[PDB]
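>>> Sequence first, structure after, both from an experimental entry:
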Amino acid sequence: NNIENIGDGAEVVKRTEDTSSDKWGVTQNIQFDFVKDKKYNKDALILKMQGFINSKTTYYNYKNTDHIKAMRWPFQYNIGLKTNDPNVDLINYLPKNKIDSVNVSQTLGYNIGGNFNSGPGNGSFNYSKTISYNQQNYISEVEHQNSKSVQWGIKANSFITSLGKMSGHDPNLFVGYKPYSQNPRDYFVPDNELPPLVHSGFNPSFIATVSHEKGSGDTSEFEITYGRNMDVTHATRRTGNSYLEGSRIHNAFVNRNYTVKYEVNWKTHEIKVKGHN
C-alpha cells in the first residue's frame, strides 16, 4: 500500500504529516520517505517539505493621517530543517545553489548501495523525488547549513515596474497610482501587477535527505520551520499634480515562523508530531 519495492533487496516506506497554524498562516505538508536497503550501511530518510506560507500582505492607514498609507509585505520566506540527534546527518538537500529562475524544478535520485544524485530531461534510478515551486521576482539561496541543519531564504530580487527595472530594496517598489484615494490599497499597485508571493503567498517544495546510524536508537526528531520576514512600505502623497512616494522599513518583522517538531521511528516507520508553536 504505502511500501514501494524499488530494487532487489530494497524498498521505500512512505509516510505523511499535515499541520496548519492559523496563528502564523502556514500549512506544513511533510512527506517522510524511509529507505530500507540491504546494500546500504545506514538508515536513510528523504524529507519533502511542502505546504503553504500565507504572504499576510496587509494595507493600512498610517496613524490619523489621510495622506500616508502603508503596505506590509513578505520580503523573504523562511524554510528550515534541523535535528538535535547526534547520530543523524544531513547528507543532501535541494536546491543546493543560488537560483533566480521563475520556476525551481529539480530531482533527487537514489540508487541501491546508498548512491544519491541529481536528475537531468529525465533519468531512471531506483527511487526519486521531485521538487517544484514558483518564485516569480524572488531568489532562492542557502542561508545556513551543517550536518544537523539547512536554512533557505526566498527573498525579493528583481521587478519590472512602470519606472523601469527595480531591485527588492527599491523604496518605491509597489507604490501606486491613486494619491487622492482614501483606501490604503489604492496607494499601491494592483494584484495584477504584484507577484504571487506578495498577493497570495508561497508554496514551498524543498528536499533534504538524512542518514541515521543503524541501531544507534529507534527514534529521532526534526524541527521544520516555515515563515516570513516582513517589510513596511509607507506611501506618502506629494503635491502641479499629485503623486505617491515610497519609504521602506526593511525587515520590520523578522522570523514570523511556524515551527513543528516531528518524531520518527526507524524500526516501525511511524511519525508523530511532538509539538509546535
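On my side now, so go ahead. Numbering: from 1, shown residues only.
>>> Report how many residues lie close to residue 3.
By other CB atoms under 10 Å, the residues close to residue 3 number 12. The C-beta positions use only the backbone N, C-alpha and C, and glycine is treated the same way.
>>> how close does it sit to residue 140?
According to CB to CB, to the nearest Å, residue 3 and residue 140 sit 33 Å apart.
>>> in stretch 2-13, what counts as buried?
Of all the residues in stretch 2-13, those buried under the rule 16 or more other CB atoms under 10 Å are 6, 7, 10, 11, 12, 13.
>>> ok, the second one to residue 94 distance?
Here the criterion is CB to CB. By it, residue 7 lies 22 Å from residue 94.
>>> Just read off the phi/psi values of the closest residue to residue 107 other than its chain neighbours.
Using CB to CB, 6 or more residues apart in numbering and skipping the chain neighbours, the partner closest in space to residue 107 is residue 119 (3.2 Å). Main-chain dihedrals, residue 119, degrees, to the nearest 10: phi -70, psi 150.
>>> Likewise for the one 3 residues further on?
Reported as degrees, to the nearest 10, the phi and psi values for residue 122 are phi 180, psi 140.
>>> List the contacts of residue 199.
By CB atoms under 8 Å, 6 or more residues apart in numbering, the contact set of residue 199 is 55, 57, 191.
>>> again, only using 10 Å
Applying CB atoms under 10 Å, 6 or more residues apart in numbering, we find residue 199 in contact with 55, 57, 73, 189, 190, 191, 192, 193.
>>> which strand is the longest one in this structure?
The longest strand of the chain (DSSP state E) is strand 243-265.
>>> Can I have the buried ones of the contacts of residue 199 as a ChimeraX selection?
Command for ChimeraX that selects the buried part of those, burial taken from 16+ other CB under 10 Å:
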select :55,57,73,189,193
